[PDB]
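One structure below.
Protein chains: 2
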Amino acid sequence: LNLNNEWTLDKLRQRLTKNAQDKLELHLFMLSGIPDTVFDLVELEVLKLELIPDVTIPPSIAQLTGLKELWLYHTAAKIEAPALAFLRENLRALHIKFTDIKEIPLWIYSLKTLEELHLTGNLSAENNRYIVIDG
Amino acid sequence: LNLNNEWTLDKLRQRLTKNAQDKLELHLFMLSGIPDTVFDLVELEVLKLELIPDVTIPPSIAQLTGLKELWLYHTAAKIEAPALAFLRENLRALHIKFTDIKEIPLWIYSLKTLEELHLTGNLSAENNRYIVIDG
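Heads up: the sequence lines are chains E and D, in that order. Read in order, the letters of the first sequence correspond to residues 405 to 539 in the authors' numbering. Read in order, the letters of the second sequence correspond to residues 405 to 539 in the authors' numbering.
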């Protein structure tokens, strides 16, 4: 509530940017969570989340019918089945920048419409090569 | 009254939309009433009200010199003479979506410049066919 109040519902629209790939993006960093005002920005195509702890994706993400990219940079995420199915059906690319496995959402391998996967970080550990990517 | 404290020219401005016919529109739903700050958005041309109870049209509507359309979806509306006269002289279309007669404003038939009327709902009652439209 305090976050959504201090970062007003609409100031966000002035803050949006159409990026180099001609996709409308929003970039967020270092917040305590996701403002609920985000999911009224129906024009979105690329969401970037940077260094946000303990995130759970709410079902209102199904409102963002045009979303094509999600970037999770050091932002662990959990999710339930309706939002999860929406993302299963409505996503082209996924970018992840991680410190270790705990910042890798396990649900990604249950996805079906993905066209790009981008992992940034060391995928290997001592004597355990590529266990992380068996799926 | 405290609704008129938050929505503002600036806030509502970013939320506005220019529609397919190059008409500035605002769509609102499921609020407690009409913010008075709405009527300082002097460029507005279409007003939409959806599922808002117990609405009364205030006189500040005379500030919207460019209004051409009003859409009343399940919203009965009271009004007094000044706002009524402004609307008599400055309106082209009226859309109504209703469940029954209680959501039909009685004053619409005293209008004179209307060019379109759109009614969604049963226009008849038991043993009273088309009494709703005699006027």
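By construction, the Cβ of each residue, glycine as well, lies at the ideal position given by its N, Cα and C atoms.
Could you tell me which residues DSSP puts in a beta bridge with residue i?
i	result
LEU521 (chain D)	D:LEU498
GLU429 (chain E)	E:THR421 and E:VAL450
With burial defined as no fewer than 16 other Cβ atoms inside 10 Å of the residue's Cβ, what is the status of residue i: buried or exposed?
i	result
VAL442 (chain E)	buried
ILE537 (chain D)	exposed
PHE490 (chain E)	buried
residue 540 (chain E)	Look at the range of chain E in this structure, 405 to 539, and you will see that residue 540 (chain E) is not part of it.
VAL450 (chain D)	buried
residue 391 (chain D)	The structure shown does not extend to residue 391 (chain D), since chain D is modelled only from 405 to 539, so the question has no answer here.
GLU519 (chain E)	exposed
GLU530 (chain E)	exposed
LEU416 (chain D)	buried
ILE438 (chain E)	buried
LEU413 (chain D)	exposed
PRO486 (chain E)	exposed
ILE505 (chain E)	exposed
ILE465 (chain E)	buried
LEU474 (chain D)	buried
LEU521 (chain D)	exposed
In its own chain, which residues sit with a C-beta less than 7 Å from the C-beta of residue i, not counting the 5 before and 5 after it?
i	result
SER436 (chain E)	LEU407
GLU493 (chain E)	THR517
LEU468 (chain D)	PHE443, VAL446 and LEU448
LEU488 (chain D)	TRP511
Within a Cβ cutoff of 6 Å, which residues of the same chain sit near residue i, ignoring the five residues on either side of it in sequence?
i	result
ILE483 (chain E)	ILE461
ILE456 (chain E)	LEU435 and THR479
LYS472 (chain E)	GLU449 and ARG496
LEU476 (chain D)	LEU453 and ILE500
ask   = Along the chain, which unbroken stretches of the beta strand (DSSP E) at least 3 residues long are found entirely within the region 437-482 of chain D?
value = 450-454, 459-461 and 473-477
inquiry  = At a CB distance below 8 Å, what residues from the region 451-470 of chain E approach chain D? Give them in sequence order.
reply    = none
Contact list for the region 475-495 of chain D against chain E, Cβ threshold 7 Å = none
query = Relative to chain E, which residues along the region 418-446 of chain D have a C-beta separation below 7 Å, given in chain order?
reply = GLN418 and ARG419
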